[PDB]
Each structure stands twice: as C-alpha cells, then as structure tokens.
Amino acid sequence: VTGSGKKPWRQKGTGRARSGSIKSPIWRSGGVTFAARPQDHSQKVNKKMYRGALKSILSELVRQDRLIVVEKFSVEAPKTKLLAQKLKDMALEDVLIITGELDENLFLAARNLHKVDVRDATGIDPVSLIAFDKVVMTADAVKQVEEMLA
Amino acid sequence: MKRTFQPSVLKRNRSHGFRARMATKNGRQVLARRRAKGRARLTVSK
Amino acid sequence: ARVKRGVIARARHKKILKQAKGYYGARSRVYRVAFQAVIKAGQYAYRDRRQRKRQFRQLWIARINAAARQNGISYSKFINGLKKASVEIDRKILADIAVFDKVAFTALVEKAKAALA
Amino acid sequence: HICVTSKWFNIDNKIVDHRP
RNA sequence: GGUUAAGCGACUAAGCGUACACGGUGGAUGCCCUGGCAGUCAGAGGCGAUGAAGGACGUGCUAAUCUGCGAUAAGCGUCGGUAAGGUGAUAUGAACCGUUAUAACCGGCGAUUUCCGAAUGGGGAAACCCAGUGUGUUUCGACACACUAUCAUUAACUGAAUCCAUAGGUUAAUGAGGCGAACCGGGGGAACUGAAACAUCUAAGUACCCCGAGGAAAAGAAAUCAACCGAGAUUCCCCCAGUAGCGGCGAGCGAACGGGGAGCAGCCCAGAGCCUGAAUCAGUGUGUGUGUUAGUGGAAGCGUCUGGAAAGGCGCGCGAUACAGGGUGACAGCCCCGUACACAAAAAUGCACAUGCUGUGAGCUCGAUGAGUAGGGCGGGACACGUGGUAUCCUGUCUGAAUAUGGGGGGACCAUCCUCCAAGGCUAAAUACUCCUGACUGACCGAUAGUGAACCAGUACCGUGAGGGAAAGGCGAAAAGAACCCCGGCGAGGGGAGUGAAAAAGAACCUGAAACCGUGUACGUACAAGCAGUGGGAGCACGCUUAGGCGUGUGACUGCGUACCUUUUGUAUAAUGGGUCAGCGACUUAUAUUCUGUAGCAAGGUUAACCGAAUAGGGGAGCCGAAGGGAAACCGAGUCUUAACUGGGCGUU
RNA sequence: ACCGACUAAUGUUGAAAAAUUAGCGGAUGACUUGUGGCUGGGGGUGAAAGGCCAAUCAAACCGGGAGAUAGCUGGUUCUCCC
RNA sequence: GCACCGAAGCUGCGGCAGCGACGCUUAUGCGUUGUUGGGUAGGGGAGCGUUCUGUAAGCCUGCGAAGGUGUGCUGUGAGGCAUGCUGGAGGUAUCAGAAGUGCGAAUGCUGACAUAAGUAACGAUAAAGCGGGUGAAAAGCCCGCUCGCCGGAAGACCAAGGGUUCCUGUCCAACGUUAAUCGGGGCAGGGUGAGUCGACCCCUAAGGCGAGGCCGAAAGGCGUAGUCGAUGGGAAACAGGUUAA
RNA sequence: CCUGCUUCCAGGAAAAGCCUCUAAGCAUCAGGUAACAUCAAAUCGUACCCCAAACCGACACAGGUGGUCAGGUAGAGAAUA
RNA sequence: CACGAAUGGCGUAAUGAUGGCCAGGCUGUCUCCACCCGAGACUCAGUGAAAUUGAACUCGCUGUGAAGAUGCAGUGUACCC
Ligand SMILES: N[C@@H](Cc1c[nH]c2ccccc12)C(=O)O
Ligand SMILES: N[C@@H](Cc1c[nH]c2ccccc12)C(=O)O
Ligand SMILES: [Mg+2]
Ligand SMILES: [Mg+2]
Ligand SMILES: [Mg+2]
Ligand SMILES: [Mg+2]
Ligand SMILES: [Mg+2]
Ligand SMILES: [Mg+2]
Ligand SMILES: [Mg+2]
Ligand SMILES: [Mg+2]
Ligand SMILES: [Mg+2]
Ligand SMILES: [Mg+2]
Ligand SMILES: [Mg+2]
Ligand SMILES: [Mg+2]
Ligand SMILES: [Mg+2]
Ligand SMILES: [Mg+2]
Ligand SMILES: [Mg+2]
Ligand SMILES: [Mg+2]
Ligand SMILES: [Mg+2]
Ligand SMILES: [Mg+2]
Ligand SMILES: [Mg+2]
Ligand SMILES: [Mg+2]
Ligand SMILES: [Mg+2]
Ligand SMILES: [Mg+2]
Ligand SMILES: [Mg+2]
Ligand SMILES: [Mg+2]
Ligand SMILES: [Mg+2]
Ligand SMILES: [Mg+2]
Ligand SMILES: [Mg+2]
Ligand SMILES: [Mg+2]
Ligand SMILES: [Mg+2]
Ligand SMILES: [Mg+2]
Ligand SMILES: [Mg+2]
Ligand SMILES: [Mg+2]
Ligand SMILES: [Mg+2]
Ligand SMILES: [Mg+2]
Ligand SMILES: [Mg+2]
Ligand SMILES: [Mg+2]
Ligand SMILES: [Mg+2]
Ligand SMILES: [Mg+2]
Ligand SMILES: [Mg+2]
Ligand SMILES: [Mg+2]
Ligand SMILES: [Mg+2]
Ligand SMILES: [Mg+2]
Ligand SMILES: [Mg+2]
Ligand SMILES: [Mg+2]
Ligand SMILES: [Mg+2]
Ligand SMILES: [Mg+2]
Ligand SMILES: [Mg+2]
Ligand SMILES: [Mg+2]
Ligand SMILES: [Mg+2]
Ligand SMILES: [Mg+2]
Ligand SMILES: [Mg+2]
Ligand SMILES: [Mg+2]
Ligand SMILES: [Mg+2]
C-alpha cells in the first residue's frame, strides 16, 4: 500500500491505541491481511484416469442413446441456414457432431448456431460430451476415438 | 515569546530555492523525486 | 471473491433487538447491550421453568394446608391420611377442590381422618 | 468543513510521582 | 332521606418508562461503472544543443480554471481521408462559419514554436539583471535580432622559461553534457535478524550509494568435461538431489558427473608477398514487397399485450462466414454503433530483400601463435567448499619460467595414461524487463472496496525542509431544473400552482438502515430501595370469539435474580477492555514432506521440462516400489558380528 | 530605555504548550541589538546543565532495510452432535 | 417414635440423538427394548448462510428484481419459505466448484451521534450616558453634546513579513465568541504615475562558486585566475497644492 | 559643528566612485578644460497593516517584533503624575 | 565513626536576588477576625464548550464476599423533581 513507514504516533503517552504503520490491515485505507496473488489452478489428472472418464462418458451416452453415429456428415456450403436445416431434418438442436477430418463449410455454419458445435476427432473434451443434449460423431470419427482411448 | 519560524525570503531561496537545490547531486535528486511524484511546486520559489 | 458482509450482519443484529423489545433504555436500543439482555432473559427462563413447578407446588401446599386446618387437621396428618387411605393418589394441585368445592374437600378430609383412626 | 486540525499533546502534564 | 362517626376509596402527572404510529437526523444496504487490479498476444524500447524531461508567462468574442497552443499562440500550410453540419470542457450567450467540397473533424509531412530549465554570452534569490561582436532603419541615434559555456578529438595559425622543441594561447570542424519505469554488467556495501545469548557463521553480496550500456545486457568457439568408452562454444528449462560435501559438523549453506529439452554458428588480429579492392559489416540514397500511422462497404422485424417508456410476454416472419460488444425511456441477431467478411494509402515510417554512393576489407602462397604472463611467497577475495589433507579461480604485495622434444588440467601429491592449448578480440538464437502503443481476457475490486487519486489529487492541508498527505461518486428516460400567486426583511425558509411514472425524484435530490432527537396515542408511575430481567400475575386499552379466566399492548403486586469479555487457584468485583451505531478488522498463499479419506491402475505406478492437431496426443529423462544386511569392500533371502557361533542384531511373511 | 529571571500570588480544559501582576538583578560591558554568513547527527556547538542543534535530544528530522525481532500483553467473527 | 416439607437426584407422561442387542425387514428404515447424552484447554463428526464459476440463450422478474420494514408459518440450530408496505431493476433454483465467508470486545480503524448542559465561558476592571439619523430590527453602525483612557503611546513614519487587507458602491447566509444596518467577511468596480526615494547598477566584508589545477574506489574534496555576495562605500529636489483612494 | 578636540589601550573593514601620475599608444586628428545651447536618464518597486485584528504565535490570542520622530505643567529625567 | 595542604590547608577587607542565627522598626502573619470598594460567583437575554461514560430503576447500617459493597444477606430508613 502507498504510504511512508513512519509510526503514526508515540508508543506511550497519547491516550491512543498502540498504532505502528498506517498500512495496517486493522486501519482503514490500505491493508488486506492475506492479499492474493495471481495463481494456477491447473490439476493433474492421470493419463489412465482421463481415458477412464471418456469411456464412462461414451458408454453412458449410448445407454441414453444421446450418441447417434453416422456414416459421413457434412454440409454442402458455408451457410448456417443449411446446417440449421440438416439439424431440423435430423430432429436436433443441441449437438456436438464430432467429424472425421473436419471441413471448411461444416465449421463456418454452426459458428453462429449457439447450442451446436463441431469438433474434429482430437477435439473431444469431457465437458462437451456431457454438455450437449446429443453427440453426433461420424462413423469415421468413432474409429479414430476407438483407438485414441485404446 | 519568539517562536521558531522567523520568515525571510532571502534565506528561504538561498536555503531551499530552485538554484540551491540544483547546485548538488542530491539536491537534484530532490527535484527528480518531486517531478516523478508529479508535484505542482517543485520548490516554493517566486 | 470479496464478501460484502453486512446485509447478513443486520439480520443477526435485528434478530436480537427484536427479542429485546420491551426492555429499558439501552437494553432495547443498543445491540451490544441487547445481546446481553437477550441472553440473560433466556438464562432465567431455563431456570424458572424448573422454578415454576416449585413455586406452584408450594402454592398448592399452602392452600391445601389452610383448608385442612379449616376442617381441623394439619397438612401433615392430612396427606398421611390420604396416603394410608387404602393407597389412593391424587394431585396436590387437583386439591384445587379446596377453593372451588369446599364440601368435596371436607369430604376428602373425612376420608383421610378415617384412615388415621 | 475546513475544520480538521488536531495536535493533541502528550498527556497534558502537571504532577504525579506516587511514592516510591 | 338528613346529621354525625368509623372504615375503605378511585380520577391528579411537574416529569418519567414501554409499545405502536408519523417525522427529524444520519448515510449503511442493494443496484450502478468513462476508475482501478492481474494478465495474454503483438507493437514500441527511447527523448535530448535542430534545446529534452518538467515548468513560468501568455493565448478567446471570455472574468476563472482545465485542455490545446506559442506573439502565426484552442491555432498556419500541404497532402490524403471524410463531410452536413461546425467555432475544445465547466458553459449558456454573442458574433460567426459551412451544406458537394479551402466548414469542422481524423491521419501523413511541414511551418510557427515567448521565458526558465543540461541552459551553453557573463551573472542570478529558476521563469530575472547585464553584455562583446556582428548585422538592421528614403525619421540609419538607442533598442531588436544572431552568435560568443565547458570538455574531448582533429586541423590550422600562433608560441614561454630555453634556440631548437615543448608547455601555453586564438580560431575551426565534429562529438559529448541533461531526462527517463524496469530488466542488464560493473565499482562500493550495511544492520535488524537467525544461532532460542553471542564473537565464528547467518541475514547477504541482500537493502542502499555509485558508474555504464543495450534492445536486450552478459556470457561464448575448450589450456572444457570424461575415464581408457566417449563427448564437443555460450545461454535457458527439467532432472541428477536437499544427494556428495561444507558447517561454533551448530544455526544453516549446498554442487558436480551424467541424462531429457529450448535454441544452435561460427569468425577475425598477433603480417608480408602477389593479386587488389573481389567476400562481408555498418552508415546511407533508391526501388520493391510487407506491417504501421486516417479510412470503405457491411445482412436481416413486424403485429399486438402491460407500461411514463418495450428491447419484455405471446404470434408469425427473416439474416447468420455477422448471436463479439456498447447504446437506445425495462432484457434488441433484424432501431443505432458494430461484428463476420471483403476492401483502401496522397504522404511518412518499422521490417525484409534488391541495388546506388561512402567507409570497409575479400583471395592465393609462405609465415606467425598473445612473459612482468604461468608458477611460487605473504595478505585477502571467489569457487556449495569456513584452510581444512584442499585441488581450482582472482590479485594488493614481493617474485618469476618453459615455448611443441614445449605447456595446462584430470580436487593434496607422485608415476603412467588420457585430454586440452592460457597469458588478443568479435559473434546471432533459446534468456530478462515494461515508462509506453494496440487489441483481447478474468470463479479480480465496486466508492471505508479498488490506485493515495472513479471527482480539476500529489490537489486542499501539515512541515524551514526533505517530506507527509486527505476527504469528496449516483435528480430524471428526458431539465421537462419548478412561469405565476401568498407569508417574509425587493431576505432565509415555506405553502400553493405547474413539469414528471414518481416532488414522498426539488437540486442539502436513487435506495435511505442504525446510533441519536421529537410530536401523537394506549397503559404504568409521586410510601417507594439494588444488573432492571425472569416465573407468577390482577387492572386498563384494544381486537376476538358468541361467551368461555382468548390474541396484542401495558405491567400494580409478587418468587427468584450482582452485566459481557478477558485473565485467573478464584472475579458482582472496588482487577482489564468497551460512550453508542454502521462499515471494515485477524489461521492465508506457494513449494516440499508425511498421515487419513477417495479415485485410477497394480508388482508395478507415474511422468518433468518440452513438442503440441495445446486440458488431448506425444515425451518414461526421471521418481517411488518390487531386498535386505553391513561403516565399507562385498554377500544376498539372507547378512552382519567373531577364529567360530549353542548364538545374537537387523532382515526374509 | 534595553537585557535578565531571585520571591510570591494568579493562572493550570490558561488570555499564554510556558505567561500576567507586585516586588527583584544587570544597566560603558565577559554589555546589548538588526541583517547576513559558517559549523550536521556518534557529528555540531557547549563560561559545562547531558545544555542547545526549529514546541523533538544519553544520539535530530524525513525516506528506506521493514511486515526488524517480541519465549510478552491484547484480540481472534456462524450453528448443532460425541 | 410416627408424620410431613424439601433438589435440575429417583419415578411418572411426551420428545430428540449415539451405541447395543431382539423382532419387523436388509442400494435399510421401522418397532420395541436396555443404555448413554454437565463441561474449559482440546480432539472427532455433521451442518447453515454469504461472495463468485458452471449447470443457465434455462428459470424468476416493471402484473414489481435486489435492498429496506413489518407479519405469518417452519427447522434442533446457523436458517428457510411466504407475504403486506417501501423500493424501482435486476435475481438466480438444483447439483457441483472456488473463497477477501460470518465481529462486541483488540486504550482496534473511518464516519455519524450521544453525554456532562443550554453548565463553563464570550480573551485584560480605560467606562460609559443621552439626543437625532438610518433600518424589518440599534447597548454595539452614522451624527451630535457630555463622560472616561493612552500621550517615549494605546500618537506618527518605515524596514522585515504579509500580499489587495487600501478606496467606493452593494449584500449579512457562512466568518465576527452576542445583535449587526457595521467589518480586515461575500460580490463588483476603482486605486500604486519618479532622471533626483528605493531596487537594478558600480564597489567590495564575512562567505559562496570556481576554467585550468592538487586530491579522492565512484559520488566527490580543496583551491588559483576569476566570479558572485550588504548588514557597509558610490551623482542628483525642495516648500506648497491636489485624489474617495 | 564633531570622521572635530582631549585622553586611553584592548590599537580600531575592504574596494570602487573621486583626484592626480604617467606606459604602451595618439600627436593637424582624437581626446582634455570652460561657457552657452540642446538631448538622454531606461527597467522594476511605490496601495494598505507594520509593537499589530493585516507579521511569528493553529484564534480578531494579555506573548514576541529592528529603525525613525518626541510638545506643555511640575521634575534631575526618555522616571512619574 | 570517616579534616589536612594546588581532585589545595588555614585566614581574609569588599562583593552576593547565596545558607544558618539574632535584634530595632513594622505590621491582619498570628490572638480572631470585622467592615468596606471593585472583578467573578447568583437572575434575565444572546451565543455555546470540556474531560468521562458496559448498562442503570445509582440510600444508611451490620455482615458476606477475589479478603475495604449503591448492586450479595439481614435490617433500618426514604412521597416525585
Ligand atoms: N499529570 C500528567 C503526568 C505527568 C507528570 N509529569 C509529566 C510530564 C509530561 C507529561 C505528563 C506528565 C498526566 O496526566 O499523565
Ligand atoms: N512527585 C511530586 C513532584 C512532581 C510533580 N510532577 C512531577 C513530574 C515528575 C516527577 C516529579 C513530579 C508530586 O507529585 O508532588
Ligand atoms: Mg520505516
Ligand atoms: Mg486497498
Ligand atoms: Mg497430457
Ligand atoms: Mg421438582
Ligand atoms: Mg406537562
Ligand atoms: Mg412518550
Ligand atoms: Mg544564461
Ligand atoms: Mg551560466
Ligand atoms: Mg540472536
Ligand atoms: Mg580419442
Ligand atoms: Mg463504416
Ligand atoms: Mg449492419
Ligand atoms: Mg595460443
Ligand atoms: Mg563479448
Ligand atoms: Mg478511494
Ligand atoms: Mg453506498
Ligand atoms: Mg433521495
Ligand atoms: Mg402509591
Ligand atoms: Mg432507587
Ligand atoms: Mg429493603
Ligand atoms: Mg490474581
Ligand atoms: Mg485456568
Ligand atoms: Mg461469581
Ligand atoms: Mg460499581
Ligand atoms: Mg471492571
Ligand atoms: Mg544600577
Ligand atoms: Mg528545542
Ligand atoms: Mg512489528
Ligand atoms: Mg529482514
Ligand atoms: Mg450443558
Ligand atoms: Mg446478491
Ligand atoms: Mg461493530
Ligand atoms: Mg469476543
Ligand atoms: Mg481512548
Ligand atoms: Mg454541571
Ligand atoms: Mg453554577
Ligand atoms: Mg459565567
Ligand atoms: Mg480579500
Ligand atoms: Mg476597507
Ligand atoms: Mg451572527
Ligand atoms: Mg473586504
Ligand atoms: Mg563585486
Ligand atoms: Mg574541474
Ligand atoms: Mg572552493
Ligand atoms: Mg544595502
Ligand atoms: Mg504609502
Ligand atoms: Mg479583536
Ligand atoms: Mg494579537
Ligand atoms: Mg511613562
Ligand atoms: Mg583525585
Ligand atoms: Mg554574581
Ligand atoms: Mg445565558
Ligand atoms: Mg456501605
């Protein structure tokens, strides 16, 4: 805190409480006993535990058939409205859609649809699998994941 | 009774004025600190 | 995450002052003073829940006694009678009947006297 | 107000030695 | 019924208490955020005698202050960009200026740029006094302007004691000087403290003073490690390991070998001959490309309900490579500004290349190979290493080699072996930092918080001075900021009126708590003694209920009853602390280690840095465990002890 | 006059962080006074009291090391169960 | 010797919780039933609420969010839910997650407000009285007549220091220890005229600075030539008048 | 008048302006002296308080603040009334 | 107990807001206090502080008690301000 380190007033004599530094947490302006610092909240998560979780997650998405796997999935042009329709026809609003190799148009559509995202095979993270109401995934991606998790 | 401040500008300037301040490496550091502090009166002169 | 505090604080405080309603001067105005007043009131109560049962019993026993004497017999003898009056058990409060039904009482006195004969 | 200058002494001063 | 007598007896409230209602005071709470805080990614890393940082005084249609600016003074020119509105803010008004391109506004480059300040013509109490010399006047005096500091280098001219020659002196050309957040190298260098005292030791080469420099600094091309196998400059990261060691063997301090990663780069001088300006580097002009300093275009919403107001609800459409964000009378993809996306530079510039000009050397042959040095003596200092058996490095002091058949090192020291070439230099990257520019982010704060400063704050104020250093945010959607009338002193303040959704939002203005102070009503209170309540409890006022010893308020009378904290063997204590309220105010964070829980896997478990398609995947360098015993060599389900165990110690489940 | 400060009372939340009133000492001297100068912190100055060095002195003040250290005193905030 | 009073002990009725067992019945909970439940330092267990992230482009909310103030209900408690009034724009279940997470004390910090109390006091015991003006109001201002006080000052001119306090109009909220028509207070306007007074200037004392120079780890120290520095030296105007100043 | 005069020891600034002297230097010149005439003298300060209500004392504070002037009656008097 | 000769011995005129003792004068210093004149204190009007303060419905006595009680026991006394 900004101030000098001068003792505010005599130890003894004034009828006053002891007082030592004008920056004392007990005093008003200036203090904070245990001021925080920038800090790192990154946890570890074992390799085998991460994989262990994805499996428990997939193997639950089927069990609620929230995972619908498809041979090929792609939109014909970089236009959101197209994708909006595909989903409409497929009976879907909230979707993860993990594509095999990922293409330009499928990504630019959905960039603006809020409840729908599209990831490549490597981009699969745990919260998302649970996040969306339905995970799509091309049968091509399935084989990728099949191995990634061993 | 006669108290401690007996004003006199000649002495004031000679002892605390700009030029006096300027005449010593530390006197200059005096200004430097006051400038960095952004003080409106570097040294109370005419 | 800095915590405002102080909305919950006056909640705690008013929670106490409300309990102090009625008390004299600072005891009902000034928290620091009220929180004490509120506690000790509690302390007496907890005590005086037990006292209540004492105070009334001796209230009852006091008036049981005059009525007994009124029918010419001390409380001592009179409870001993009813005790000995072929077992038989009956509250000292319920001797309420001493105030509201004096024949019933005298009637109880006789029954007691008989056992003592 | 302007109203803000307190140079409270030292105790005040006179007397006391209170038998030793 | 009268008279008398005895007995018992309400209504009183000067004031006080409790309760409730309505206020005052006061500014908490919540909501708010052009202010802060921490970072990421990029840019920029300097300014300055061409006069800086920072100021003084000026400057307007202008009295003050702020910003801008400098006697060309909120400005001038020019090149672009943009344009229907403009003449900075408090801040109206006046007088103006402009609308299809010389209004304003934005950017590039110019111009002007008083005085003080390194201040540099001399002086000086900063913003002032005074000069020498040059210039300057159809009114050629005195004033105005320019130049004149010092040091360094170079040249020229001059030139003593002293003749030569030097020193000295004048002029001239260049450069320096001062300021500035950190990072960096260097010269100096504390004590508190820790050791439960204190000298050695620690704190610590820290804080601080000083000098210097760069965009980074430093370091760097083995007289290095290794261990007979090999590696191959420096720097940074993870290991090795809190190990080996150091140590009043206290407190503490603490490597290296080797391994995994980031980035990788190597060259000159110690020189002459020939050939000669041939590589290259910097300074510079041009060109080009690419970033920068203004800009351009940029999709799609309506109906109705509530309301002061729609962006809200409900209905039905539409855009989306645009649902980042802000604003608008409440919450807006489609009202506005943007956003995605696609574009743009007249000029000036950062960065790359390409060349021109200057300066510079390339190349081949044959040579050369860093002495007051290495080492030693004395004294200190550095190496994790405190003199220790102490290698190694530095040097204040005195000394002092060999020179390739030579010399350094391999931790006393010697041999052998191995390995390197000191006593000259340069060198990019991985590394550090953020005064400042741009953009973006937050399980960061929200006015006692957050910067000291959300506000004209380093201000007001305090101090001779260094220096210290505050308080203080919110009317409303919009000022529509209350015309007019009345009391009053052509007052203060108030009541009407009017504006508004609201005036109880009226400027002492959102919310408006608490201490604290009043007015009103109910009940109690003037024969009564104490932590002031609690158990009982009539009466009164009020509601009830249909009564029904019921709710609320008060509380005669009455049983019991000495606050809280702390500290103590023990406190009503006449022992501490608190006048009261409100807000704030004290077991945290990081890294190690061990235990419990829990999860994964299991005789295995797990990766660190780093790579990265960046929470994935890669990376097993490494750490823990599966074997113990012994100081150790070593042995091994055993081992140590001893000549040896009937044994014994530690281990084998 | 000017320079001093021996006694007393008053004053002691003063009129005054050191004075008022009545008396008192020196008053051509080691006198007294205006202006300006020099001496700096383990240092100054001192007809010497540890006096004075800006109402501060057995080591001035301001900033820093700095959150010195405190085996001492104080305080340590919501609830329930064993 | 027999009564009886008497405790939070014993018993009775209802209730909670831990540990037991036995029976109903076991991702247990019932019903019994025996038993245990004072407590400082302190150990263990389980929880409330606050701020913030997700869940959440969800949900609540101008038909009224947060906050404030009442009221009812509810839980063992920290609390919760509902709602009237106020308020006028935000709030967030649930399950997870993270802490500036809870105040009565520290002669704690900041602000606000009490108390003593309408008490002390209103700053020299030189002293006032009356008449008349002005004014909303006159003990205090203006004018007048008395009275009293200083007169080596309590008169007059400056330096130092201040820095518009000067003069004139105007106002009385705040400042004035009361009132205030008055002021050294607010606002506005005015006012400082020099060859001769003074500064600048020439001259130097103390002392300061100091090209070169001597000295010093750096910073710097001392000092020559000089150059600065008045408290001293250096040319010259007097009597009178006039301005509200 | 008097920076005099007398006397004493503790022995009482400096420099310039002013006067005079010449050196280098100029010698008809320039300069120097006088009379009269004329021209120049800038700039900055100048209000007010100043033993105090305007300065140092936090105050309209019984304190502190250097220089200058000094009438009548009594009196030695700047005492005192 | 326990001076002593330059951390000087013994004397000493004069000087001293120096210490001790005595006397004349003098008196309100005292016996022993009375009266008076002025400034406060008191009343009215105006302005308007302070320290302290856990909370107060804040009596006496004898006793108890962390051992010296307005607050505990007992008791006496007491209309409110
Ligand atoms: N009376 C003083 C005590 C004291 C005696 N001498 C002093 C000197 C200075 C200050 C105070 C004192 C007080 O109240 O505490
Ligand atoms: N102690 C003595 C004298 C005294 C008064 N004040 C003092 C301050 C410090 C020392 C002593 C004193 C007394 O009180 O009567
Ligand atoms: Mg300090
Ligand atoms: Mg802070
Ligand atoms: Mg990983
Ligand atoms: Mg009982
Ligand atoms: Mg009355
Ligand atoms: Mg009342
Ligand atoms: Mg100059
Ligand atoms: Mg100069
Ligand atoms: Mg120690
Ligand atoms: Mg080899
Ligand atoms: Mg545009
Ligand atoms: Mg658009
Ligand atoms: Mg060599
Ligand atoms: Mg180098
Ligand atoms: Mg602040
Ligand atoms: Mg607030
Ligand atoms: Mg309001
Ligand atoms: Mg009565
Ligand atoms: Mg009483
Ligand atoms: Mg009694
Ligand atoms: Mg004790
Ligand atoms: Mg104890
Ligand atoms: Mg007790
Ligand atoms: Mg007491
Ligand atoms: Mg006490
Ligand atoms: Mg005399
Ligand atoms: Mg002093
Ligand atoms: Mg401390
Ligand atoms: Mg330290
Ligand atoms: Mg208990
Ligand atoms: Mg909230
Ligand atoms: Mg509190
Ligand atoms: Mg407590
Ligand atoms: Mg106090
Ligand atoms: Mg009183
Ligand atoms: Mg009185
Ligand atoms: Mg009085
Ligand atoms: Mg003024
Ligand atoms: Mg005037
Ligand atoms: Mg007044
Ligand atoms: Mg005035
Ligand atoms: Mg001179
Ligand atoms: Mg020099
Ligand atoms: Mg010198
Ligand atoms: Mg002079
Ligand atoms: Mg004058
Ligand atoms: Mg006055
Ligand atoms: Mg005065
Ligand atoms: Mg006199
Ligand atoms: Mg001696
Ligand atoms: Mg004497
Ligand atoms: Mg009065
Ligand atoms: Mg007593």
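- Per the deposition metadata, cryo-EM was the technique used to determine this entry, at a resolution of 3.80 Å.

### Quick notes on the protein's contact with RNA strand F
- In the vicinity of RNA strand F, 15 residues are found, and the nearest of them are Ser 4, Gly 5 and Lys 6 of chain A, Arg 3 of chain B together with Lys 14 of chain D.
- Sugar and phosphate atoms form 81% of the subset of RNA strand F atoms that lie within 4 Å of the protein.
- A distance of 2.7 Å separates a phosphate oxygen of RNA strand F from a polar atom in the backbone of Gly 5 of chain A.
- Broken down by element, the residue count for the surface near RNA strand F peaks at 3 residues, all from helix α1 (residues 9-16) of chain B.
- Residue composition of the surface near RNA strand F, by class: 2 nonpolar, 5 polar and 8 charged.

### Quick word on the site of ligand 1
All names here are of chain D.
- By nearness alone, every residue bordering ligand 1 is listed as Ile 11, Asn 13, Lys 14, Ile 15 and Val 16.
- At 3.1 Å from a nitrogen atom of ligand 1 is found a main-chain nitrogen or oxygen belonging to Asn 13.
- At a separation of 2.6 Å, a nitrogen atom of ligand 1 approaches a polar backbone atom of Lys 14.
- Across the complex, the protein chains shield 52% of the 370 Å² of accessible surface that ligand 1 would expose by itself.
- In terms of residue class, the shell around ligand 1 is built from 3 nonpolar, 1 polar and 1 charged.

### Quick word on the site of ligand 2
Residues and elements named next belong to chain D.
- Taken together, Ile 15, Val 16 and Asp 17 make up all the residues around ligand 2.
- In this structure, a nitrogen atom belonging to ligand 2 sits 3.3 Å away from a main-chain N or O atom of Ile 15.
- Here an oxygen atom of ligand 2 sits 3.1 Å away from a polar atom, N or O, in the main chain of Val 16.

### A short note on the arrangement of the chains
- Chain B makes no contact with chain A, the minimum C-alpha separation between the two being 12 Å.
- Nowhere do chain B and chain D come into contact; their C-alpha atoms are at least 17 Å apart.

### Some points on unusual backbone geometry
- Non-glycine residue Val 32 of chain A carries a positive phi angle of around 65 degrees.
- Structurally, the position occupied by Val 32 of chain A is in the segment before α1 (47-61).

### Section: the protein's contact with RNA strand G
All names here are of chain C.
- In the region of RNA strand G, 42 residues are neighbours, and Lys 15, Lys 18, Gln 36, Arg 57 and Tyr 75 sit closest.
- If you look at RNA strand G and keep only atoms within 4 Å of the protein, 68% of those are sugar or phosphate atoms.
- Contacts to RNA strand G include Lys 15, whose side-chain N or O atom sits 2.5 Å from a phosphate oxygen.
- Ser 76 places a main-chain nitrogen or oxygen 3.5 Å from a sugar or linking oxygen of RNA strand G.

Calculation criteria
- Residues numbered from 1 in each chain as written, not as in the entry; some residues may be left out.
- Chains lettered and ligands numbered in written order.
- Part of a larger assembly, values for the part shown.
- Heavy atoms only, no water.
- Near = heavy atom within 4 Å.
- Polar contact = N/O pair within 3.5 Å; in protein donor to acceptor, adjacent residues only side chain to side chain.
- Helix = DSSP H or I, 4+ residues; strand = E, 2+ residues; numbered from the N terminus.
- Nonpolar A, V, L, I, M, F, W, Y, C, P; charged D, E, K, R; others polar.
- Areas by Shrake-Rupley, 256 points an atom, 1.4 Å probe, with all protein chains shown as cover.
- Contact = heavy atoms within 4.5 Å.

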